[PDB]
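Laid out below as structure tokens are two forms of one and the same protein chain, each shown alone and named structure 1 and structure 2.
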Structure 1
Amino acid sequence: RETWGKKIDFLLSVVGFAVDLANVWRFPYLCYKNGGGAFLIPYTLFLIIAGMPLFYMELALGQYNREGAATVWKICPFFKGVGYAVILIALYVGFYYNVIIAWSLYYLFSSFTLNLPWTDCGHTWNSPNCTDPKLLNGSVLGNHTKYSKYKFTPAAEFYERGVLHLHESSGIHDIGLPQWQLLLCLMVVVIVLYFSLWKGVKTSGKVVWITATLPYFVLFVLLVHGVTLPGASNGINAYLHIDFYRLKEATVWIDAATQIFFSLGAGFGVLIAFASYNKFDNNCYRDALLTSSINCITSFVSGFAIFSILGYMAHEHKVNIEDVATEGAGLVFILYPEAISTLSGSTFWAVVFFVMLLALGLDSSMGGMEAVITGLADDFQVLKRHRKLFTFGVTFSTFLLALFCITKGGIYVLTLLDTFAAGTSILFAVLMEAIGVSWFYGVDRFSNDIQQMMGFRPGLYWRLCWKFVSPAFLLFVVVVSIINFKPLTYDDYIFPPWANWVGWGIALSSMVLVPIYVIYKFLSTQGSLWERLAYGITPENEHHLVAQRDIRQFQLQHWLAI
């Protein structure tokens, strides 16, 4: 197998893997929806007890097995159907992650102008209900009209109408035809993606070089700008005020878990595919610690900047912080452009920011496509030779199925995918992974593999998390997601029940791949129930132990190792 170059394997190169479109695009609106401040505690908790242990586990498993997402379950076949699951999950993510890049690409085409289109009203897409904060002298409708989401701001008008053209659709039932601008943007995105995958894993490149310094620089500039804005202090106070009533709810914990899994990459097969090309002496412990710490710091500073910009916009518009902006996937494309417009030389900063989030999106999607391709090629060796045609077909299918999110009402389908395709499905997938690694495979064998790879055994904390803490918390979040499910709703649009049923069906498409595979493995195995179960719960390299009637899983000492 291939090996990552020394440029990407450097000690200071973990910062590149510690930022993602999720940390800059998903975290902001996920924290704003949960109030802010009350979301950091569940986020940090799931990071320290669930996110980082699963991160370390997936890294060690991918480094030891040298396999893809699904084939890494060569130690326990009954669980190979869960690998496919996360693979599909990753694919589902692409079905809308690439649509996001296209958005930024359009913003890039909107960034090479002296007057930014989101600065003021008066354009073609601007509706009569467009109130610019600097045009209070005219008072067409006033800076403050109503407080539900305030979608009448120039940035919101440019995003919903000038980019997505949501005004030409009333729901998910009448999305219509895809916009040709977004069509060309997604075409360029998938073209750049194809020629960035087709020759296998890229050990090092400009993509992984610019995503390590540009995101941090942009975030620092945005923080320095926001801390000196009028009204920004109010947003800071709203971000450092923890409402424990929100903690009493279950949605906050689900959002925190999903954001942790998106930022760290657990539950998509990216970590295993990445570790499959690492060295045998790579210290996954230090990598996991640094990744978790940098991700937590980045999320904290990003939420702080987002709330500062929200307070600034609330002061400029004379609206409440909870109703000044939306709570959808387009929150950053409304807060960040207006913040850049206030800085001196808005054109240059906007261009830099759009190049940055476009690069971050491309690296995030590449990683996902490479994980999917690596898994399917380790499953089918024909792909290891037909890489070019396989990547072409994967990108073409992703483009075809993403044509839905570049439609006039495509934001609804994008929210549906971001809520159901990678919602309870990824939680069930990582729960099955933890159960198959800590209970079926056993924590002792995993600790021995870690000791023979990195030279030390994990402490009691890591093993107790892998075996007891993380599986229990994953089961708990799955239960509170299934029982306490809330109907999916947009800023003001309410999804019909059939949309929720379609979302649940999409989630079950990935969820039931674990049971379906156990059935397939049981029927395809020749022998009695004992032999079938033994072949299903034992590694492929120890199937001879089935003949010797010596199975560790059939002993009480295996399940009580701890």
Structure 2
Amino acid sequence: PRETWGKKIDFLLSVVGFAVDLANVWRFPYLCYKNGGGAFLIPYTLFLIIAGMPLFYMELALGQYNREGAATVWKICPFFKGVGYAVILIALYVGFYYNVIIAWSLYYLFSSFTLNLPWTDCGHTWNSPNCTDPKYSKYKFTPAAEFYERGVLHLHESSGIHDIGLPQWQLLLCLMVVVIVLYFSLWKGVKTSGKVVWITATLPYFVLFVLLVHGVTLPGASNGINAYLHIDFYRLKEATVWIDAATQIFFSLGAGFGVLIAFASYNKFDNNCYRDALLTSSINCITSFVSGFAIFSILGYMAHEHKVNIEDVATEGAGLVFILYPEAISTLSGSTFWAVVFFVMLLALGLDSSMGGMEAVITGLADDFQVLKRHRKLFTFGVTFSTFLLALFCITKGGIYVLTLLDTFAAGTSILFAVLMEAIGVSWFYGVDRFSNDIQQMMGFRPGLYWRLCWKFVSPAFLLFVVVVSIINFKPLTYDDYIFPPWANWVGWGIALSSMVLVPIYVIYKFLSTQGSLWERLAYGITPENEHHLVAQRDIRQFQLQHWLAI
């Protein structure tokens, strides 16, 4: 038999935990402030209505009706099974470098258990002789900036991607703890994974409330809030503002990454997933908007402290969280209670997203091979051990150069291409009319005209607009003032093409393996596996023009 969620609340907290991560904190408020302030919410809320929710609703109903993972859900259109293998490999690529970012948060949490924070003075063994006591965002000779690039990263001992060196033993030990925690929270299925999210999915909300209450009291906090929610309606006349909201919506919801389809496969058949699609989509977007109030309270406080403008302090991820917040924290009364709670919140943010991505591989692959389904504990050991071994490249002395390469090419054009092909198969080849008949089979109500129009015309067109734009607006690899060698770009494109080439390859294998006439091998690959008996009866739905004209 197939296991199910112990309680309904377990499923809701798993989806919310995977959807909310560091991207909702260290990226979104900066984009809103830079683009249009309060006018950036118009294209942001528009793409959620027409593209964010239709894809979220589509994926949740796909797993519940079929009760299969990402790879093997394509029994409805056997020619598209290569798309499932593309999202599984992409989910493996992200794990090779996302657990390193979590290791940084654990390294900062272990250094906060003292009465003298390491990032306050310029008298340690990791300090350059030019360290100076405190565009403030570009200065690299401050105590907080010298503890990140010379105390944790050890970047000053590397000359580029041509010579990275041996892994750091301090960072290696922190990576070991993360993988062990990940294994024991995933080795028993969803009976154990459904209880871990009771703490990790709710802890950041508790800390964010306390940080917000104290944040608005600090001097200069009002200036940061006022500049955060300004209105500039003339910024909507530029095409870059609309593209910025289009990429943020697709990458912050995580719809089509193979995680939501696995979660919904353990749901009950009669569960109402139309309600779940709207509720969990809105919590993710509301969390991003609320988090900007707490962040810009600190930014306004920092600008008042240094007697500079708010435009000289604003930063983005990995420069605001690890270089900027520790500097402001070191002056807030206790300065130790605040340090502990801040880095505890980061751990709770990232742990849920790593669990969700790894389950998309175990559930997807165990549903393809039956032998793997019978050994869950041993198979979970293989996935985590491979992640730990292949993540040793990102904890070396030149580890940020490798992490930058993987971040650009593992996702992006490859993941945008796979989701575009998945929507085409379900909406057009499988049939929108058939899809709505399956939803009415479980819930008892047909979706409607608005939802059917967004699945067949609007969502495929929105995805195609982001795929083309991503290719056109591509630049060679760089990091700060370091320019990557030309060969490093060819290796980057090889990683991206590895997932994409899988889709055409499976079509050739499926065609060349099945027997029959030329027009017979084509019919088997487009007919659902449970409706193969009518192929020989010379009545194929997809071979009539009436099928393709459905709206």
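One-based numbering along structure 1's sequence throughout. Each form is matched to the other, and the largest set of C-alpha atoms that superpose within 1.5 Å is called the rigid core.
- Of the residues 446, 428, 152, 466, just one CA atom moves 2 angstroms or more between structures 1 and 2 under rigid-core superposition; it belongs to 152.
- When two forms of a protein are overlaid on their rigid core, residues whose CA moves 2 Å or more are considered shifted, and residue 27 is one of them between structures 1 and 2.
- Once both forms are fitted on their rigid core, the CA atom of residue 328 lies 2 Å or more apart between structures 1 and 2.
- With the core held fixed, the Cα of residue 64 is displaced between structures 1 and 2 by less than 2 Å.
- On the core-superposed pair, the CA position of residue 182 changes by 1.4 Å between structures 1 and 2.
- On a core-based overlay, residue 41 has a Cα shift of 4.6 Å between structures 1 and 2.
- Its Cα shifted by 2.7 Å between structures 1 and 2, residue 124 is reported here after superposition on the rigid core.
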